[PDB]
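To start, the structure under review is shown below, and the notes come after it.
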Amino acid sequence: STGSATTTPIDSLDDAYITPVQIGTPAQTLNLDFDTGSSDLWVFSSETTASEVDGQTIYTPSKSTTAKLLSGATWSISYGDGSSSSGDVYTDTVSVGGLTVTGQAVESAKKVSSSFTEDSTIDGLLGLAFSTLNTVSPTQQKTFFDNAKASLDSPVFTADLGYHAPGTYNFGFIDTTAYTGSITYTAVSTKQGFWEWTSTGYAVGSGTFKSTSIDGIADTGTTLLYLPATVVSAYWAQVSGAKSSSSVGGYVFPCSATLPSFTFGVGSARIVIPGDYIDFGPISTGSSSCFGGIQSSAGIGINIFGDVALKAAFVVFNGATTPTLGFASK
């Protein structure tokens, strides 16, 4: 089997991407944030505290003939941005882009934090990291990918995120029309439950490439590119008037600037992030200070290749017995 679904930016900045997902029988379609940095499939639901729902589409298990309570199971998750959610668990039929899994754990939110409530466009998350990070207790559950894997034509999924445009998540096949050149594969460590890999270095603009190992995660659920402070300082030093602002919470730059590109290494290959991908616009409406898309990881504890980086590539998440990542230009 295979599946193929379009993913759409939620706003004009590409702050996140949503993908329609069918849950239950008859289908209830929710727009979920596919997150390669977490491992829970959770949704706004008929159980979510009413004051915490503001425009989201909800899953109502009582209207699904295939829903079953997963008795005694609870979940609770905290993300890198300080957001959180928790609740109970149903199993139900879940389809993505024509690929169906029966008996998928669908984590029904009873509580969500303010950042989720305030985002009416995101009806929940679909985690695509390793199932070792799944938060369901007392019986940990599998991701949609792990449940689909054995049925897929190839044990892979691909992320093809657009810049200010829709893109695609494919499951079970690699669309050889979707990228240019060849795919460079690199090793993955699953020790922390993430798609963790080591970049071979970076360049700023037309500058020379610096060979240096940068361990980090491929995380579709993170908007920005978070790298070591040395790398990030080297990038922003090439932008007149850029500075790190403790008041704003990262590097800002004059909205009048033209940003340089940023290159990262994948083995001997190179992925180029155009400068415009690094512009996240005014810090507040009407400001002439703009927020940068490359930020320091120093206060996180991990480097994160978020959407700023991933949208510059065609990315293969190879879930074979020995997992690997692949990157191609596009």
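Following the order of the structure tokens, first chain is A, next is B, and so on, with residues numbered from 1 inside each chain and ligands from 1 in the order they appear.
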Q: Please provide as a VMD selection string all residues within 7 Å of residue 292 in chain A, with the sequence filter that same-chain residues fewer than 3 positions apart are discarded (counting only C-alpha atoms).
A: chain A and resid 251 to 253 278 to 280 295
Would you mind listing, for every residue of range 134-210 of chain A within 10 Å of range 299-305 of chain A, the two atoms forming the shortest contact and the distance between them in Å to one decimal, using only C-alpha atoms, sorted by chain and ascending residue number, as CSV?
```
residue,atom,partner,partner_atom,distance
A:196,CA,A:304,CA,9.1
A:197,CA,A:305,CA,9.8
A:198,CA,A:303,CA,9.9
A:199,CA,A:305,CA,9.8
```
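Proximity of A:36, A:246, A:8, A:208 to residue 145 in chain A, computed with only C-alpha atoms, is greatest for A:36.
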Q. Which residues, written as a list in words, have at least one atom at most 7 Å from range 75-85 of chain A, with only C-alpha atoms counted and residues fewer than 6 positions away on the same chain left out?
A. residues 109, 111, 112, 113, 115, 135, 136 and 137 of chain A
With N, CA and C atoms retained, could you export that selection as a PDB file, in the first residue's frame?
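Resulting contents of out.pdb:
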```pdb
ATOM      1  N   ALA A 109      -7.886  14.763  23.392  1.00  0.00           N
ATOM      2  CA  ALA A 109      -7.497  15.767  24.375  1.00  0.00           C
ATOM      3  C   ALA A 109      -8.662  16.088  25.298  1.00  0.00           C
ATOM      4  N   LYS A 111      -7.509  18.355  27.811  1.00  0.00           N
ATOM      5  CA  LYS A 111      -6.916  19.663  28.100  1.00  0.00           C
ATOM      6  C   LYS A 111      -5.876  19.956  27.044  1.00  0.00           C
ATOM      7  N   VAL A 112      -5.826  21.215  26.633  1.00  0.00           N
ATOM      8  CA  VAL A 112      -4.755  21.692  25.744  1.00  0.00           C
ATOM      9  C   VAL A 112      -4.268  23.031  26.312  1.00  0.00           C
ATOM     10  N   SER A 113      -3.048  23.375  26.069  1.00  0.00           N
ATOM     11  CA  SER A 113      -2.507  24.691  26.510  1.00  0.00           C
ATOM     12  C   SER A 113      -2.949  25.778  25.557  1.00  0.00           C
ATOM     13  N   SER A 115      -1.564  27.920  23.582  1.00  0.00           N
ATOM     14  CA  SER A 115      -1.051  28.056  22.204  1.00  0.00           C
ATOM     15  C   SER A 115      -1.884  27.188  21.261  1.00  0.00           C
ATOM     16  N   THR A 135       3.604   8.832  24.536  1.00  0.00           N
ATOM     17  CA  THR A 135       3.370   9.101  25.963  1.00  0.00           C
ATOM     18  C   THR A 135       2.207   8.295  26.526  1.00  0.00           C
ATOM     19  N   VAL A 136       1.561   7.423  25.798  1.00  0.00           N
ATOM     20  CA  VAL A 136       0.406   6.706  26.399  1.00  0.00           C
ATOM     21  C   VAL A 136       0.883   5.761  27.495  1.00  0.00           C
ATOM     22  N   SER A 137       0.169   5.812  28.606  1.00  0.00           N
ATOM     23  CA  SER A 137       0.396   5.002  29.822  1.00  0.00           C
ATOM     24  C   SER A 137      -0.906   4.283  30.141  1.00  0.00           C
TER      25      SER A 137
END
```
Q: Taking the chain letters and numbering used in this document, name the residues of range 20-189 of chain A that DSSP puts in strand (DSSP E), as a PyMOL selection string.
A: chain A and resi 20-23+28-35+41-43+68-78+84-96+99-112+124-127+156-160+167-171+184-187
Taking a cut-off of 6 Å and counting only C-alpha atoms, can you build a table that, for each residue of range 71-170 of chain A near range 307-319 of chain A, reports the nearest atom pair and how far apart they are in Å (one decimal), sorted by chain then residue number, as JSON lines?
```
{"residue": "A:155", "atom": "CA", "partner": "A:319", "partner_atom": "CA", "distance": 5.3}
{"residue": "A:156", "atom": "CA", "partner": "A:318", "partner_atom": "CA", "distance": 4.6}
{"residue": "A:157", "atom": "CA", "partner": "A:317", "partner_atom": "CA", "distance": 5.3}
{"residue": "A:158", "atom": "CA", "partner": "A:316", "partner_atom": "CA", "distance": 4.5}
{"residue": "A:159", "atom": "CA", "partner": "A:315", "partner_atom": "CA", "distance": 5.2}
{"residue": "A:160", "atom": "CA", "partner": "A:314", "partner_atom": "CA", "distance": 5.0}
{"residue": "A:161", "atom": "CA", "partner": "A:311", "partner_atom": "CA", "distance": 4.6}
{"residue": "A:162", "atom": "CA", "partner": "A:311", "partner_atom": "CA", "distance": 5.7}
```
Could you save the residues just selected, with N, CA, C and O atoms, as a compact mmCIF listing (two decimals), in the first residue's frame?
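Below you can see result25.txt, which holds the result:
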```txt
# COMPACT_ATOMS: atom_id res chain seq x y z
N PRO A 155 9.23 0.73 3.46
CA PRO A 155 9.00 1.21 4.82
C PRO A 155 9.54 2.64 5.02
O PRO A 155 10.45 2.90 5.81
N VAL A 156 8.93 3.58 4.31
CA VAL A 156 9.42 4.94 4.20
C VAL A 156 8.26 5.90 4.23
O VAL A 156 7.13 5.56 3.81
N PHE A 157 8.55 7.14 4.62
CA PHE A 157 7.67 8.25 4.27
C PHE A 157 8.54 9.41 3.84
O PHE A 157 9.75 9.44 4.17
N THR A 158 7.99 10.33 3.08
CA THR A 158 8.75 11.47 2.59
C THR A 158 8.01 12.75 2.92
O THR A 158 6.77 12.80 2.91
N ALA A 159 8.79 13.78 3.20
CA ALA A 159 8.31 15.12 3.45
C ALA A 159 8.80 16.03 2.36
O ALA A 159 10.02 16.16 2.16
N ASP A 160 7.89 16.72 1.70
CA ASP A 160 8.18 17.65 0.63
C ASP A 160 7.44 18.93 0.92
O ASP A 160 6.35 19.15 0.36
N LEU A 161 7.96 19.73 1.83
CA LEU A 161 7.25 20.93 2.31
C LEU A 161 7.48 22.06 1.34
O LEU A 161 8.58 22.23 0.81
N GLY A 162 6.47 22.88 1.13
CA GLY A 162 6.55 24.03 0.24
C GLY A 162 6.96 25.29 0.94
O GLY A 162 6.68 25.48 2.08
```
Q: Give the answer as one residue: which of A:165, A:227, A:174, A:328 has the shortest atom-to-atom distance to residue 270 in chain A, using only C-alpha atoms?
A: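 With only C-alpha atoms as the atom set, the closest residue is A:328.
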**Q.** Proximity to residue 202 in chain A - best of A:240, A:134, A:147, A:268, only C-alpha atoms
**A.**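 Of A:240, A:134, A:147, A:268, the one nearest residue 202 in chain A is A:268, counting only C-alpha atoms.
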Q) A:178, A:229, A:58, A:23: which is nearest residue 104 in chain A, counting only C-alpha atoms? A)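 Of A:178, A:229, A:58, A:23, the one nearest residue 104 in chain A is A:23, counting only C-alpha atoms.
CA of residue 43 in chain A sits 16.8 Å away from CA of residue 10 in chain A.
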Q: Work out how far CA of residue 164 in chain A is from CA of residue 237 in chain A, in Å to one decimal.
A: 26.2 Å
Q | residue 55 in chain A environment, 7 Å, only C-alpha atoms, sequence neighbours closer than 2 positions dropped, as a PyMOL selection string | A | chain A and resi 53+57+120
So that each row is one residue of range 156-195 of chain A with an atom at most 12 Å from range 93-103 of chain A, can you give its shortest atom pair and the distance in Å to one decimal, using only C-alpha atoms, rows by chain and rising number, as CSV?
```
residue,atom,partner,partner_atom,distance
A:157,CA,A:96,CA,11.7
A:168,CA,A:97,CA,9.8
A:169,CA,A:97,CA,8.4
A:170,CA,A:97,CA,7.9
A:171,CA,A:99,CA,7.8
A:172,CA,A:99,CA,9.2
A:173,CA,A:99,CA,11.9
```
(Q) Just want the 10 Å neighbourhood of residue 250 in chain A, counted on only C-alpha atoms, with same-chain residues fewer than 3 positions away dropped. Output as a ChimeraX atom specification. (A) /A:243-247,291-296
Export N, CA, C and O atoms of the chosen residues as a PDB file, in the first residue's frame?
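Below is the file again09.pdb, written as the result:
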```
ATOM      1  N   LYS A 243      20.862  41.520  15.082  1.00  0.00           N
ATOM      2  CA  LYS A 243      21.299  41.416  16.461  1.00  0.00           C
ATOM      3  C   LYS A 243      20.431  40.414  17.144  1.00  0.00           C
ATOM      4  O   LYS A 243      19.295  40.166  16.783  1.00  0.00           O
ATOM      5  N   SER A 244      20.959  39.862  18.239  1.00  0.00           N
ATOM      6  CA  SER A 244      20.181  39.017  19.132  1.00  0.00           C
ATOM      7  C   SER A 244      19.483  39.897  20.148  1.00  0.00           C
ATOM      8  O   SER A 244      20.184  40.684  20.842  1.00  0.00           O
ATOM      9  N   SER A 245      18.203  39.806  20.247  1.00  0.00           N
ATOM     10  CA  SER A 245      17.356  40.586  21.148  1.00  0.00           C
ATOM     11  C   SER A 245      16.811  39.645  22.229  1.00  0.00           C
ATOM     12  O   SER A 245      15.989  38.798  22.007  1.00  0.00           O
ATOM     13  N   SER A 246      17.236  39.864  23.467  1.00  0.00           N
ATOM     14  CA  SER A 246      16.693  39.118  24.628  1.00  0.00           C
ATOM     15  C   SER A 246      15.218  39.495  24.835  1.00  0.00           C
ATOM     16  O   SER A 246      14.448  38.644  25.157  1.00  0.00           O
ATOM     17  N   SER A 247      14.834  40.720  24.515  1.00  0.00           N
ATOM     18  CA  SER A 247      13.420  41.160  24.674  1.00  0.00           C
ATOM     19  C   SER A 247      12.514  40.430  23.678  1.00  0.00           C
ATOM     20  O   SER A 247      11.408  40.021  24.003  1.00  0.00           O
ATOM     21  N   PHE A 291      11.876  39.012  12.267  1.00  0.00           N
ATOM     22  CA  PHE A 291      12.361  37.847  13.052  1.00  0.00           C
ATOM     23  C   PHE A 291      13.105  36.872  12.147  1.00  0.00           C
ATOM     24  O   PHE A 291      12.620  36.498  11.106  1.00  0.00           O
ATOM     25  N   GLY A 292      14.251  36.440  12.610  1.00  0.00           N
ATOM     26  CA  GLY A 292      15.050  35.507  11.816  1.00  0.00           C
ATOM     27  C   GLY A 292      14.625  34.049  11.884  1.00  0.00           C
ATOM     28  O   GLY A 292      14.154  33.567  12.925  1.00  0.00           O
ATOM     29  N   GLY A 293      14.852  33.343  10.778  1.00  0.00           N
ATOM     30  CA  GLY A 293      14.488  31.940  10.715  1.00  0.00           C
ATOM     31  C   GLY A 293      15.573  30.967  11.122  1.00  0.00           C
ATOM     32  O   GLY A 293      15.297  29.751  11.129  1.00  0.00           O
ATOM     33  N   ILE A 294      16.751  31.474  11.417  1.00  0.00           N
ATOM     34  CA  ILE A 294      17.878  30.713  11.959  1.00  0.00           C
ATOM     35  C   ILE A 294      18.106  31.271  13.354  1.00  0.00           C
ATOM     36  O   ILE A 294      18.332  32.495  13.500  1.00  0.00           O
ATOM     37  N   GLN A 295      18.057  30.429  14.363  1.00  0.00           N
ATOM     38  CA  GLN A 295      18.144  30.839  15.765  1.00  0.00           C
ATOM     39  C   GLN A 295      19.068  29.907  16.482  1.00  0.00           C
ATOM     40  O   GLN A 295      19.335  28.773  16.048  1.00  0.00           O
ATOM     41  N   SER A 296      19.589  30.349  17.622  1.00  0.00           N
ATOM     42  CA  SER A 296      20.495  29.512  18.424  1.00  0.00           C
ATOM     43  C   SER A 296      19.736  28.408  19.142  1.00  0.00           C
ATOM     44  O   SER A 296      18.650  28.606  19.696  1.00  0.00           O
TER      45      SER A 296
END
```
Q: Extract, using only C-alpha atoms, all DNA, RNA and protein residues at most 12 Å from range 46-52 of chain A, discarding same-chain residues fewer than 6 positions from it, and format them as a list in words.
A: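 Result of the neighbour search: residues 58, 59, 60, 61, 62, 63, 85, 86, 87, 88, 89, 90, 107, 108, 109, 110, 111, 112, 113, 114, 115, 116, 117, 118, 119, 120, 123 and 124 of chain A.
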Q: Output as a list in words all residues of range 99-234 of chain A that backbone DSSP marks as alpha helix (DSSP H).
A: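 Across range 99-234 of chain A, those assigned alpha helix (DSSP H) are residues 114, 115, 116, 117, 118, 144, 145, 146, 147, 148, 229, 230, 231, 232, 233 and 234 of chain A.
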